[PDB]
Amino acid sequence: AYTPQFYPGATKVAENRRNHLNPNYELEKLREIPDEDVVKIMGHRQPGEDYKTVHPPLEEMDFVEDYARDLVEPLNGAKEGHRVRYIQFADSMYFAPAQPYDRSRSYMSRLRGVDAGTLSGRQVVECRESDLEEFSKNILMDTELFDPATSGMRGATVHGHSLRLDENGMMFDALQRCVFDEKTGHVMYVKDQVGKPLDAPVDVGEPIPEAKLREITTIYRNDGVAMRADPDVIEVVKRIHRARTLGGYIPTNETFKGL
Amino acid sequence: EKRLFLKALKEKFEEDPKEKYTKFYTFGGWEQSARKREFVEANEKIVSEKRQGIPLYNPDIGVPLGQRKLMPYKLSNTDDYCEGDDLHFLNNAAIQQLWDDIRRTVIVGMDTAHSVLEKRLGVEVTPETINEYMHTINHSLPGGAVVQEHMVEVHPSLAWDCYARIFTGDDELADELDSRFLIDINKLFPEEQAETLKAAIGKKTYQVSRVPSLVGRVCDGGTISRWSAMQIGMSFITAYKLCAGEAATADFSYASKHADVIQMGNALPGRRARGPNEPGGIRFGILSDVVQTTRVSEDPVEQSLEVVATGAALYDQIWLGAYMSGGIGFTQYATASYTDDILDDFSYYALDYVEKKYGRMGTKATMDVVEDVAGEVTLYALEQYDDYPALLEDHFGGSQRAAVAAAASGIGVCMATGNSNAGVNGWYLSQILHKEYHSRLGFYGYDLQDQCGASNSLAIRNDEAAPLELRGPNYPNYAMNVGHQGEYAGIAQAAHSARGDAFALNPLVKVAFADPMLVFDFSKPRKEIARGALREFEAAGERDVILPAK
Amino acid sequence: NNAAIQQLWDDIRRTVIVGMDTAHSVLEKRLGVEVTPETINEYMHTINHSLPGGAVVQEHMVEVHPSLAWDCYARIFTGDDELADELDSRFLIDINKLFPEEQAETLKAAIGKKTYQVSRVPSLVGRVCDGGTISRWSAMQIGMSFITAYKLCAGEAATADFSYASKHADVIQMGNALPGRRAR
Amino acid sequence: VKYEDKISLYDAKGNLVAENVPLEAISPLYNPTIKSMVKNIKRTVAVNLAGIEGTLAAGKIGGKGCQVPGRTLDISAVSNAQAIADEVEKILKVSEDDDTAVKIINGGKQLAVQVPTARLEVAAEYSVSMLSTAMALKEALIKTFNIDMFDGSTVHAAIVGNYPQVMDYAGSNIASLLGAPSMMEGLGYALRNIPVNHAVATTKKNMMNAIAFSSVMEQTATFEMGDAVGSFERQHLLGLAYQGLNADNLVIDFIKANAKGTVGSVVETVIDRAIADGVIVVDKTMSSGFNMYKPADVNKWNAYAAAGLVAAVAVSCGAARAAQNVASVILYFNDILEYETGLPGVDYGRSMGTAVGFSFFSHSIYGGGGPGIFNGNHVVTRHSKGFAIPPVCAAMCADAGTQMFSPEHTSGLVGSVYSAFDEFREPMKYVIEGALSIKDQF
Amino acid sequence: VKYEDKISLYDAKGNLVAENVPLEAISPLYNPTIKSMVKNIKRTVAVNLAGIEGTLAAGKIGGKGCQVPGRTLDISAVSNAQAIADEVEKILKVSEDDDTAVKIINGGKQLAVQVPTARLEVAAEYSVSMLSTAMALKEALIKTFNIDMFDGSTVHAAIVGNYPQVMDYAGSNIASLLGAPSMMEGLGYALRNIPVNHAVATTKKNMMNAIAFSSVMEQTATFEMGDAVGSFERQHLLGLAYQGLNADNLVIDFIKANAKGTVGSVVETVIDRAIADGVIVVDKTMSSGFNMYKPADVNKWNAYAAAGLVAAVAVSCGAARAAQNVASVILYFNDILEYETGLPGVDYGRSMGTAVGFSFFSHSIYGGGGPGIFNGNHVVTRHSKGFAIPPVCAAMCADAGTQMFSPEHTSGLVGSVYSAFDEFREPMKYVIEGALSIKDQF
Ligand code: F43
Ligand SMILES: C[C@@H](OP(=O)(O)O)[C@H](NC(=O)CCCCCCS)C(=O)O
Ligand SMILES: O=S(=O)(O)CCS
């Protein structure tokens with residue numbers, strides 16, 4: 001068949017982007033945050049109650065016979081009619097292990113039935129609540145995709161992806177949802193992602209050391225690794241741009257001879 | 001290393017611009033800013049006096065503002081700093097007058113009117129009669145009623161900004177006319193520019209009518225053309241006394257105020273329903289012609305950057321952040337293109353690279369030159385963002401960064417080739433290269449037109465093809481999103497600054513906005529915005545004489 | 001020459017009425033948020049600060065001078081007497097107090113048990129811009145106040161639902177647009 | 001004749017219908033079914049008789065929240081629906097045997113009227129149907145119930161909302177699939193002004209049929225806009241054939257191959273099929289081992305990518321059973337494909353930009369709303385020439401009820417009226433039938 | 001048949017052609033000639049090759065006084081003309097037995113292109129003609145002269161001109177008789193866009209033929225606007241027959257009877273003919289004499305008054321040999337008739353109101369233009385439903401060169417293009433023949 005190559009380039013950042021894009025690549029496990037702690041950090045529901053429902057379970061409701069719709073297996077949260085909630089992150093520009101477009105591409109190539117959006121300041125995923133919690137805890141939190149110092153889960157007032165880190169190597173946060181504790185070195189979350197305070201702070205673990213961050217980040221930087229050091233990615237980008245321009249002008253094989 | 005943006009970063013930030021760490025949450029919140037404290041004191045006084053206790057401004061709700069250091073803003077090529085609140089278009093009278101002066105301008109050609117008067121109406125037309133007509137229209141345009149005391153007239157002090165001016169490409173007629181109300185092309189433009197403009201204009205005569213600002217304040221932009229036409233017709237039938245019938249008067253009326261009318265903007269269709277002379281109908285070439293820096297500067301980068309500043313202040317702030325969205329607005333995005341010398345530094349590097357490699361206009365527009373110039377400029381800009389953490393803090397939003405880097409790339413390509421569509425193609429290549437570099441771009445829907453752009457830059461399809469000079473806010477790709485249009489106008493100007501052109505799209509608009517009688521001087525938009533941010537700009541349209549003092 | 005006629009036109013121009021019932025239904029059935037008169041009071045407090053041009057989210061904003069927007073009000077009226085009873089009278093347009101008994105009953109019967117918000121954007125906005133600015137200004141500020149008063153995500157599908165409701169579904173314009181020849 | 005490439009034809013169930021069909025057989029300029037659909041869409045009008053009765057009974061004329069006290073009429077339109085329909089048919093009939101029909105829908109609660117084509121031959125545009133039906137309804141109501149001469153104005157306001165003052169039928173009880181010509185955002189955009197919800201309700205929430213309907217409308221519009229002429233015609237012909245009628249069973253094949261897959265798996269399937277069919281070849285191998293691909297057939301590659309995009313939307317929004325993933329799927333299908341192959345996206349990035357704007361205005365405060373309120377005439381979704389709306393229709397068909405602005409909320413009258421015609425309800429099978437009919441003429 | 005009305009058809013010389021012709025034989029919904037004229041108007045486009053060459057040579061792209069330095073293309077469009085025409089026809093061609101006429105005008109400086117009807121059967125409006133022609137012209141110009149990839153935008157601006165930004169064809173060199181549907185006064189107003197000067201130039205300043213052209217266009221438009229539906233259809237059919245097609249020879253008879261007369265004498269002859277034909281009877285005699293008159297046939301009286309209005313315009317403007325009298329003639333013809341008989345005027349005062357519009361539009365400093373640029377698609381002239389415009393055509397045909405807006409100044413290209421069609425040059429004769437061909441089907 002066809003063996004995918006995900007991204008171009010031979011630098012370390014290109015390899016990390018390929019690993020994030022690759023669904024057969026096992027993300028390294030770094031933390032162990034229990035499901036209740038993650039659920040209470042998201043702040044959508046209290047751990048212990050039943051899932052709220054936005055529409056009756058798919059078995060109860062009746063649908064028209066659609067052959068091309070019923071041959072795609074739905075998520076477990078979809079057949080239970082669970083409501084669609086979100087998890088949102090801000091990734092620092094200083095060697096955060098995951099980056100907005102990288103996160104969106106990896107999520108869309110790894111998860112089923114998710115809605116991913118990317119900005120400069122934040123990246124958000126929306127899915128059914130049960131599936132969202134499951135994949136969030138299993139992939140987004142206790143893997144290399146999350147750094148408690150350079151990445152924080154923020155639902156509103158996202159600001160600090162481009163600001164300088166503070167004296168603890170920690171991202172700026174206006175609401176101060178997560179706090180660095182000096183007497184242990186651990187980072188503790190004192191509020192939910194929206195900003196509502198928690199009853200008890202939840203420990204998310206130690207921050208990743210900077211040296212490790214350098215070799216697992218997916219961002220090109222003049223100090224870490226420059227895009228000038230990966231000419232293949234630039235060449236591919238220029239080829240895509242030229243192909244777009246030629247197709248916009250006249251979409252024929254003769255025009256594409258000047259590719 | 002020497003960079004043009006270094007001095008502003010030194011002034012704005014207390015730490016070294018290369019320093020990667022700082023401290024937060026120690027500035028006292030909104031109290032750290034004098035503007036916010038003045039706003040709080042005002043809000044208290046207004047609430048108690050005028051609002052009868054209904055709250056207006058409550059900083060204690062919502063985000064706690066000022067958790068970080070609220071930076072001041074320089075203005076490019078100007079040595080004066082201001083807070084970000086002073087650059088909001090509602091708090092800045094200079095930006096409001098910038099839009100007012102464009103809104104209240106209509107150019108009408110008077111050669112068909114003269115020919116109809118001479119031949120059909122049997123009335124002689126001489127420079128003395130032209131001077132008499134100019135006197136009549138100058139009295140009548142603001143609010144006047146000629147030799148009719150029984151007619152209601154507008155208070156003269158209410159329309160002190162209303163003028164009627166004349167200009168012509170005919171030299172002898174120009175020097176035979178009164179200099180009180182003449183826009184002299186010869187003494188306002190350099191010799192070669194004046195010759196080019198006179199050749200483009202021809203031997204024709206045009207009158208510029210500046211409707212008073214108050215008229216556009218009370219009404220909309222479509223009122224300006226009607227006001228101008230009505231006053232022109234009245235003045236024409238009052239100055240020249242004619243014994244012909246009424247039908248001949250209808251033919252003369254068409255010739256005088258419905259034949260050679262030039263408007264600033266066109267009407268918009270669909271959900272953008274708007275009349276003419278609204279900022280969404282102004283094409284990029286027209287805005288480039290409005291700005292007059294080609295008159296007083298030979299630097300192509302400065303000429304493009306003044307158009308960038310004006311286009312940002314108009315399109316991003318007024319048009320998009322008020323006419324189309326409203327609220328606090330999109331001041332951030334626009335100030336990013338003209339506050340510090342970041343875009344100046346990037347554009348100067350692009351010009352230097354093009355001059356060293358291809359020459360000032362030494363290459364025909366090909367794909368290879370577009371790709372290499374745009375890639376080089378984008379890489380330089382992004383590494384500049386990388387190695388100066390204070391710079392990244394200054395341009396905190398991804399959009400403001402993307403727009404600046406892409407504008408530098410497009411200006412560089414336009415310098416190299418002299419083609420505006422090649423420049424916009426370089427802009428789009430810069431945008432996608434930026435996205436791959438930083439794994440980031442602007443907001444959620446910032447790059448709708450940047451993914452569609454490469455294909456639409458050189459397209460020939462009906463709704464996709466247009467020269468960048470003929471594009472504007474109503475171009476379907478550019479209709480909605482912020483952070484593009486002012487830079488597009490700057491790129492369109494840079495296409496012609498490379499060739500040393502006297503104008504971009506319309507000579508008449510250039511000559512008309514060379515007028516010294518305008519309140520906002522378009523020779524230095526950045527300086528005037530700086531003056532307005534300091535509360536030292538004298539704007540028009542104030543109803544001080546019809547309001548109680550208490 | 002008459003500031004009263006200008007203010008008449010300004011007051012008519014800057015008025016937009018928004019029905020805040022579909023938005024409440026979205027908050028109740030999609031976001032699982034409970035709407036009570038206390039929450040409505042908090043929302044009114046928020047929007048009276050946001051509509052003139054104050055900042056509620058997105059750290060580091062600039063704000064318009066309150067002196068230029070002293071005429072900017074966000075008012076609420078309802079045909080539901082029980083809901084109108086426990087509402088902050090500062091932001092309430094009381095039908096019972098402003099209208100005689102028979103007229104008040106007729107107006108309540110016509111309006112029904114529905115809640116509406118009246119936004120009066122500053123006159124300076126309609127004077128700098130045109131009259132098409134008002135609905136968009138009100139819609140943006142309504143969406144911002146909704147997402148900051150109920151502690152929601154700043155941008156999701158329900159945000160689009162709020163925006164569509166406040167932009168056209170539940171909005172009342174003083175004057176319709178005139179596209180085509182009229183061009184306004 | 002001028003195109004040598006053939007296509008196969010598969011139904012909505014993936015069964016083969018015919019092979020070696022010329023590409024031009026599905027062309028809007030040749031296919032009889034597409035011509036019939038365009039002709040019938042211009043003359044069919046939906047009438048809300050119950051809405052008329054309710055508006056007149058309460059004096060609810062004037063649009064949103066508007067009542068005129070004193071202008072109240074008590075009529076029984078729904079009870080006399082047969083008489084009203086007979087009178088309207090008599091008024092609109094041209095001679096004796098034209099295609100004038102007024103069928104009764106929902107027990108007289110709605111009317112589906114079709115003005116004769118003879119009334120549209122001598123008309124420059126399509127607005128004659130709505131105006132003629134409005135006048136016929138006014139006359140029938142005035143003559144059935146002996147309405148006073150001073151109340152015909154109220155009747156007119158009940159049927160059309162504020163038409164002389166507002167160039168539209170906003171508060172009225174008369175509707176059509178196409179919008180008013182004053183709402184067009186560009187020249188030739190008349191056929192693009194059909195909202196997604198209207199297309200989904202017309203096809204009764206059938207995914208393949210909704211895709212076919214939306215694609216046929218969008219590509220016929222591109223023909224009308226002058227975009228699909230000259231050297232641009234083959235691209236749109238292939239886009240309609242592959243994304244819209246699953247020519248080579250590409251859509252069903254990709255969905256079947258990715259029943260429990262993600263968007264990336266769909267991208268991999270699309271690239272593998274394109275390589276196997278010879279559409280794309282390896283241009284060069286880079287230093288890092290990246291295999292840059294070039295299209296051996298540019299338009300065929302575009303068609304393959306568009307079919308894959310529809311399949312990816314179907315897979316993702318069927319896994320989630322929510323129609324809010326459409327914009328993200330359309331964006332990131334193209335985003336992953338371009339940097340996996342080095343090839344341009346579905347519409348040379350024009351579909352990606354439409355997806356970006358769709359994501360923006362479907363997740364923000366600045367406008368838009370649910371995916372069902374967008375159309376090809378919308379300022380946000382007008383940018384891709386018929387390659388982005390069919391996926392939106394498929395996704396809204398896959399929705400399970402998480403959207404408030406669902407077809408039921410938005411298109412109840414239009415959907416119920418237009419579902420009664422087999423050509424509108426199942427466009428896919430009838431377009432295939434028309435192509436089979438004209439198969440041998442090329 | 002549903003109308004028992006019969007008419008006798010007379011040619012432009014006052015000779016009898018046929019008798020007892022059914023009134024619906026001249027209906028727009030039945031007459032083949034009116035159908036053919038509507039189709040030809042829809043599908044015909046005029047191209048100004050000399051204008052394109054001049055605009056490109058000087059870089060004069062833009063609306064008015066606009067000119068882009070550096071974007072100048074030096075091509076010989078007029079010199080070749082035929083390679084361009086052949087390429088445009090080849091691009092626009094749909095089939096072999098296909099209309100697709102592209103014809104050379106004025107020795108190469110203009111093109112008269114007729115888009116095939118196949119491209120208009122699958123279009124919801126008429127705008128496909130100009131868009132398709134613009135695209136074909138762009139492709140032909142880019143291919144004939146090897147235009148660089150970076151100048152196609154310049155070529156587009158020269159052909160269409162500001163279109164994406166400014167939603168029309170302002171500074172372009174391509175034109176059609178119908179304007180953009182987004183720029184209409186109301187719904188269905190597309191056909192009331194041809195000015196009086198265009199009608200006069202097309203018919204080569206023949207009074208009866210220009211009257212027939214204007215009347216046919218106006219009444220077909222009324223049929224399109226939904227106005228001529230039901231009870232109003234008879235009035236508009238009679239108006240067309242008696243005001244445009246000289247039915248019963250009323251216009252010629254009134255003109256002959258008032259060769260040396262005034263407007264008052266024309267009113268007298270009209271009333272005498274109406275009394276003699278049984279159209280009006282005596283209502284009652286008041287105390288002070290003045291026997292009031294009531295119409296025994298309301299629609300026929302309106303038609304007689306309309307024919308008399310045309311005759312009065314002809315008489316007055318042939319006495320003055322100037323076309324500036326139309327407004328006053330119509331206004332005071334209606335006034336004198338009303339206060340002479342106690343009867344309503346033409347169109348129940350709408351003709352008089354439109355005449356007031358003409359007066360204040362062409363007779364003051366707040367006037368604008370002259371009578372030659374009158375059309376029904378204007379805010380000032382829309383009020384009469386095809387009863388006030390056709391007489392202006394007679395007025396402008398009678399003008400002896402004393403108008404600034406003469407047909408030669410404003411409609412030279414229009415006349416050169418559309419005078420080639422027989423049904424446009426002599427609308428009266430060919431409409432009469434078409435009505436004769438369908439006499440027996442009623
Ligand atoms: C709530 C929204 C959704 C939306 O439609 N607009 C918001 C908020 C809105 C409000 C701010 C209301 C207030 O002051 O509280 C306004 C002013 C629009 C309006 N007229 O109401 C605005 N943004 Ni936004 N907005 C901006 C920006 C940005 C950048 C911030 C970069 C970053 O640090 O993360 C990001 C986009 C991103 O995804 O990256 C952004 C997002 C967002 N922006 C997100 C989420 C904000 C969050 O922090 O929770 N703005 C900027 O990049 C600077 C310019 C700035 C605009 C005002 C100005 O020019 O001063 C402002 C423009
Ligand atoms: C898309 C459309 O919104 P609607 O859904 O039609 O209301 C359109 N808005 C805009 O263009 C918003 C532009 C300004 C805010 C976004 C700048 S990034 C408009 O108001 O007509
Ligand atoms: O972030 S959003 O794209 O919602 C708008 C930015 S102001």
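So you know, we letter chains A, B, ... as the sequences are listed, proteins then strands, and number each from 1. Side-chain atoms are counted along with the backbone in the values below, which use heavy atoms only and exclude waters and symmetry mates.
- For the pair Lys29(A) and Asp142(A), the salt-bridge criterion is met [side-chain N within less than 4.0 Å of a carboxylate O].
- Expressed to the nearest 0.5 Å, how far OG1 of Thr118(A) lies from OH of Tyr446(B) amounts to 13.5 Å.
- Of the inter-residue distances, the one linking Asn258(D) atom CG with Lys260(D) atom NZ reads 9.5 Å to the nearest 0.5 angstrom.
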### Stepwise side chain to side chain donor-acceptor pair (under 3.5 Å) check, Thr143(A) with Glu28(A)
CA-CA 6 Å; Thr143(A) 57; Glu28(A) 179 202 23; over 6 Å; no
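- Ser406(D) and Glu408(D) share a donor-acceptor pair across their side chains, judged by distance under 3.5 Å alone.
- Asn22(A) contributes atom CG, which lies 8.0 Å from atom OG of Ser109(A) (distance to the nearest 0.5 angstrom).
- Side-chain contact between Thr78(C) and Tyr116(C): absent, with no pair of heavy atoms (C-beta onward) separated by less than 4.5 Å.
- Of the charged side-chain nitrogens involved, at least one lies within less than 4.0 Å of a carboxylate oxygen, so that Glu32(A) and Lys137(A) count as a salt-bridged pair.
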### Task
Might you work through the side chain to side chain contact (heavy atoms under 4.5 Å, CB included) test for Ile330(D) and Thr354(D), ending with a clear yes or no?
CA-CA 9 Å; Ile330(D) 298 171; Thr354(D) 309; over 6 Å; no
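- Within the cation-pi definition used here (under 6.0 Å to the ring centroid, within 45° of the axis), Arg103(A) qualifies as a partner of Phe89(A).
- Remark: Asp199(A) engages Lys40(A) in a salt bridge, criterion side-chain N to carboxylate O under 4.0 Å.
- The shortest heavy-atom contact between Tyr67(A) and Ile252(D) is CE2-CG2, 4.4 Å.
- Around the CD atom of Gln46(A), the shell of radius 6.0 Å holds no more than 12 heavy atoms that belong to other residues, nucleotides or ligands.
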### Query
Given the rule in the side chain to side chain donor-acceptor pair (under 3.5 Å) test, do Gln141(C) and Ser50(C) qualify, once you have shown the distances and angles that lead to the verdict?
CA-CA 6 Å; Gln141(C) 295 325 97; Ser50(C) 174; 2.9 Å; yes
### Message
Pair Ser328(D), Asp115(A) - check side chain to side chain donor-acceptor pair (under 3.5 Å), show working.
### Response
CA-CA 6 Å; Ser328(D) 327; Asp115(A) 161 279; 2.5 Å; yes
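- Atom NZ of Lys114(C) has 12 or fewer neighbouring heavy atoms from other residues, nucleotides or ligands inside a 6.0 Å radius.
- From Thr115(C), atom OG1 reaches atom CG of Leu83(C) across 5.0 Å, with rounding to the nearest 0.5 Å.
- Using a 3.5 Å distance cut-off with no hydrogens or angles, the side chains of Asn16(A) and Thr218(A) do not pair a donor with an acceptor.
- The closest donor-acceptor contact from the side chain of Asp131(A) to the backbone of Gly77(A) lies under 3.5 Å.
- Side-chain contact check for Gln403(D) and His409(D): no donor-acceptor pair (N or O, by modelled atom type) lies under 3.5 Å.
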### Message
Please determine whether salt bridge (charged side-chain N to carboxylate O under 4.0 Å, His left out) holds for the pair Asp335(D) and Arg105(A), giving the CA-CA distance in whole Å, both sets of side-chain angles, and the decisive distance to 0.1 Å.
### Response
CA-CA 8 Å; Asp335(D) 211 347; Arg105(A) 284 165 186 171; 2.8 Å; yes
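- The main-chain N or O of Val26(C) is never found under 3.5 Å from a side-chain atom of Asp161(C) such that the two would form a donor-acceptor pair.
- At least one test fails for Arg122(A) against the ring of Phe443(B): distance under 6.0 Å to the centre or angle within 45° of the axis.
- Residues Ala210(D) and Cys397(D) approach most closely at CB-SG, 3.6 Å, considering heavy atoms.
- Between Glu133(A) and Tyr51(A), the side chains place a donor N or O and an acceptor N or O closer than 3.5 Å (distance only, hydrogens not considered).
- The shortest side-chain heavy-atom distance between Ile87(A) and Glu126(A) does not fall under the 4.5 Å cut-off.
- A salt bridge links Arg177(A) to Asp173(A): at least one charged side-chain nitrogen sits closer than 4.0 Å to a carboxylate oxygen.
- With 3.5 Å as the limit, one finds a donor-acceptor pair spanning the side chains of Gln117(C) and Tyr43(C).
- Formation of a donor-acceptor pair under 3.5 Å by the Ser166(C) side chain with backbone atoms of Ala139(C) is not found in this model.
- At a cut-off of 3.5 Å, with distance as the only test, no side-chain donor of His186(A) or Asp181(A) sits close to an acceptor on the other residue.
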### Query
Taking it one step at a time, do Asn76(A) and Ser130(A) satisfy side chain to side chain donor-acceptor pair (under 3.5 Å)?
CA-CA 8 Å; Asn76(A) 187 326; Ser130(A) 47; 5.4 Å; no
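- With rounding to the nearest 0.5 Å, the separation of NE2 in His161(A) from OG1 in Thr150(A) is 13.5 Å.
- A donor-acceptor contact shorter than 3.5 Å is absent between the side chain of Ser316(D) and the backbone of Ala312(D).
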#### Entry: Check against side chain to side chain contact (heavy atoms under 4.5 Å, CB included), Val204(A) and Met188(A)
CA-CA 6 Å; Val204(A) 284; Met188(A) 326 267 291; over 6 Å; no
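- The structure places CZ of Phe6(A) at 12.0 Å from OH of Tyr25(A), a figure rounded to the nearest 0.5 Å.
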#### Entry: Derivation of the ring-ring contact (aromatic ring centres under 6.0 Å, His included) call for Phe361(D) and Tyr366(D)
CA-CA 6 Å; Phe361(D) 284 100; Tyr366(D) 290 100; 7.3 Å; no
### Task
Dump the intermediate steps for side chain to side chain contact (heavy atoms under 4.5 Å, CB included) on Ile389(D) and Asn375(D), then the final yes or no.
CA-CA 7 Å; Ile389(D) 302 293; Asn375(D) 42 79; 5.8 Å; no
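- The pair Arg321(D)-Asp399(D) does not meet the salt-bridge criterion, since no charged nitrogen lies less than 4.0 angstrom from a carboxylate oxygen.
- Within 6.0 Å of the CD atom in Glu59(A), the count of heavy atoms belonging to other residues, nucleotides or ligands exceeds 12.
- Residues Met396(D) and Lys205(D) have side chains not in contact (no heavy-atom distance under 4.5 Å, counting atoms from C-beta outward).
- The distance between the ring centers of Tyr86(A) and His44(A) falls below 6.0 angstrom.
- Inspection of the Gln88(A) and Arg154(A) side chains reveals no N or O donor paired with an N or O acceptor under 3.5 Å.
- Between the side chain of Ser163(C) and the main chain of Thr159(C), no donor-acceptor pair closer than 3.5 Å is present.
- Considering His82(A), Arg45(A), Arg85(A), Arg83(A) in turn, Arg83(A) is the only one that fulfils the side-chain hydrogen bond (donor to acceptor under 3.5 Å, both in side chains) rule with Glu129(A).
- At a cut-off of 3.5 Å, with distance as the only test, no side-chain donor of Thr39(C) or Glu34(C) sits close to an acceptor on the other residue.
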### Task
Step by step, work out the side chain to side chain contact (heavy atoms under 4.5 Å, CB included) result for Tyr189(A) and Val179(A).
CA-CA 6 Å; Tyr189(A) 261 92; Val179(A) 145; over 6 Å; no
